[PDB]
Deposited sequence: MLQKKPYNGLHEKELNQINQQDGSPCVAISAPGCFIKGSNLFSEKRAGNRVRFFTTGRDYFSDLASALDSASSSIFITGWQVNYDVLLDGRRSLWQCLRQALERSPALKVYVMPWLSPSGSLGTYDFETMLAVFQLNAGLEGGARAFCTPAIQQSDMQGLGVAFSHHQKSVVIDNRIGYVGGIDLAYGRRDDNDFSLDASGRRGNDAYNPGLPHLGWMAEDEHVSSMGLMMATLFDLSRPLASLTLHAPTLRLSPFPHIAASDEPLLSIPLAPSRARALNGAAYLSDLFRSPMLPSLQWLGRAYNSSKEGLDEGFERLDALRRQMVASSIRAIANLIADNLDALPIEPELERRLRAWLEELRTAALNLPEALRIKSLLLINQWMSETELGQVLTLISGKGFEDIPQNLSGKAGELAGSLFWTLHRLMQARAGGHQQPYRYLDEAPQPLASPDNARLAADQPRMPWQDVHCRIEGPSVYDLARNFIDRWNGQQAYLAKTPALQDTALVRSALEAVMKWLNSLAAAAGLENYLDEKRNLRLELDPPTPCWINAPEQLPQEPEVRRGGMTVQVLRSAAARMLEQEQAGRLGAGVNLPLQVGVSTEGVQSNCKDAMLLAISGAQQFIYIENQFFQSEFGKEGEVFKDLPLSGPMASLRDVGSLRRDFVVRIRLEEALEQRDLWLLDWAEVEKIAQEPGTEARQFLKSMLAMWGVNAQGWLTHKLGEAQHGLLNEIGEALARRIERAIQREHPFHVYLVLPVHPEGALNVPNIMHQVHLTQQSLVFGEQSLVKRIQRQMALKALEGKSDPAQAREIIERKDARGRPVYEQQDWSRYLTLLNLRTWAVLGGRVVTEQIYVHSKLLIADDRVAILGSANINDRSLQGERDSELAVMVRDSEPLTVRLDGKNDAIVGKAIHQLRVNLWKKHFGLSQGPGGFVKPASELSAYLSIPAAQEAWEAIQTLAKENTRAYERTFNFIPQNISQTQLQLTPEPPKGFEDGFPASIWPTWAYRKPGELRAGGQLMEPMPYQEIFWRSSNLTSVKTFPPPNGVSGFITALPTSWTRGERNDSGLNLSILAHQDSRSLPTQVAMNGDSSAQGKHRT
């Protein structure tokens, strides 16, 4: 780390410092990572630590074996194995419907194992400042460390929808069950006629086999583990049957899956010790937190609940069979086993201090954590009597923002180029521009938000306004809701479901508003870091550049108010806001081009007034000299119809002058970057071997080779060049020359022109996809020959048409179906389905980013910026 002035972060609260002699092997697709994980688990002998945001054992690693199967085979192979798994725990029952079977799968992981209980599970409780607002916060730590020698870190968690190939195919028939991931569409398949496994069935079956402190007592009986032979389970040990959603509906054959792009790495060296120390400290802290005695009233409630469960089991004549462990078919006592936490104090489990090796690939591990979490880990260390040796410069009390400060330092130290590829983008943008408080709430958002606007006569009879204000099912008037249901009309029949959905959305609207007072604004500073570096490049008049690759819109349907608010904040941060990235770049370029004949203090006002177009001076500048904001898209033919679908860019990768390849699990939102809300594991890898490169086509440069290859493969897939034959998207071969030049202008001009061509072809074919100018405006009462050429920007639902966008007294509606609707995909008999001619001229997956989407449209849900 001497070839560049830029070095790692060096403060006080850092979790650890840079460690050399690491064997780093990056991963670009999910399939490769899963296969390597299968091989490493097959090699495992001593101890395994697993932590992740969402852990699923249904997933297939090598295409034939699942994660739980691989772990069980590892346990069978090694009679001295020790497995500790630490997922993230939701404080409520579930934020959504991801899964809830991780705990019972780990339970069944010890079934039939000779010897004592060699596996332990411990859900991780979030810890922050006050936690009243923090209940929503989580853990975004992803890591698997094997035998204290091989470790993993990245963004690809062992979950559904992450294993993707180089082709980016939209066909979903190949995947099984929950592996067909596409949150946007309303899934319309069905798997569990007589084949698949019900989610509730296996859990009540395990309750039958056994024969808020509920989670505490469930983990207590988990700790009191029957590792002996209890029952050979068919559906996971010799008949690997897939699970299903709570409604057990799948993605239909003619419905496209949603491609998933992510990055990951494997590590080998002394930094695996760093990851192991992190896991051990967190495990000890959570055990110490568990050591606290729960409420006696809660204990009595759980005792009554289990008594009722066993009474129901006894009443079930078929289920009332025989029991042998801790229950003995009701012939034993109750279940109040004394607590006994299992620390990681065994010297075999403690990792040995590793030596300092030279060269290789130096790695730093970055963590963000709260003061509560740090003091809990101190309590755990004192309780378990474990104190691993630490380097000089590490802290144990305070707050970490290692990912944020690391990104800031890389930005402040970059020299030529930066490439970013993320999932979110939410930083400061100033006060909102082109959006004002006098302006009425947008069309779709107002339709979602206001509840008395539609059918005032039908709402004044139900009078459920007070019911929804007071949040009471009993206060909800059964007589009035039944009267409205029995009211004549097909539109009324649909309105019943619509208003049930509205209540489901609006039932809880008072989470935390006046915690202090209502404020607006984002906190993290990555956007202004990019802007300041770009402005320094402007000031010194030397070449510099930054990319950004992000998804088109966040995961899920575009009719969810929080997703719409994230689109609003994304557009404000990117472009719309008055002091956004584009605005800051334009202001600096105008200040530079107007530095000739202008007073110093005067120029700060001279760059402000308008031109003959009416727009201010700095708006005339072109920012494409510092910014290439791009997305990813594809298309296919499934079942005889043309389909298109976005590629969700879920990776969190970052590059710094082909010398650093950042990677981890920190988004570009405040909840992950600020430090006091969520915890993660990001790494900061540094090369140790030099390589020549002609970055800008004229001047030689000395950078790394692994980083160069990683970026080359990222682009190579991004352009469709690496995919296999037979795909629907042709390769972008003309960029094979430009891929290796990130500093030459012609490279970004070529890629930008290709992006625009792809976008134009997609616009020619479709109109429901997000674009700038709405195409549903033509399908209206106004006639084209009169002289109506306005061209209004498309709304957040691009088929929504505005009669007059300035106010809301006019209003509008949708003219053609949106993909999240059911009439889009289902050929209803009373109507005729719409098909589209195939697109043409489309090469690659990258398309232009629409910066006129939702222009002058107010999409704010009024909910907490934190939640």
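In this chain the deposited sequence has gaps in the coordinates at 1-27, 239-416, 1073-1099, listed in sequence order.
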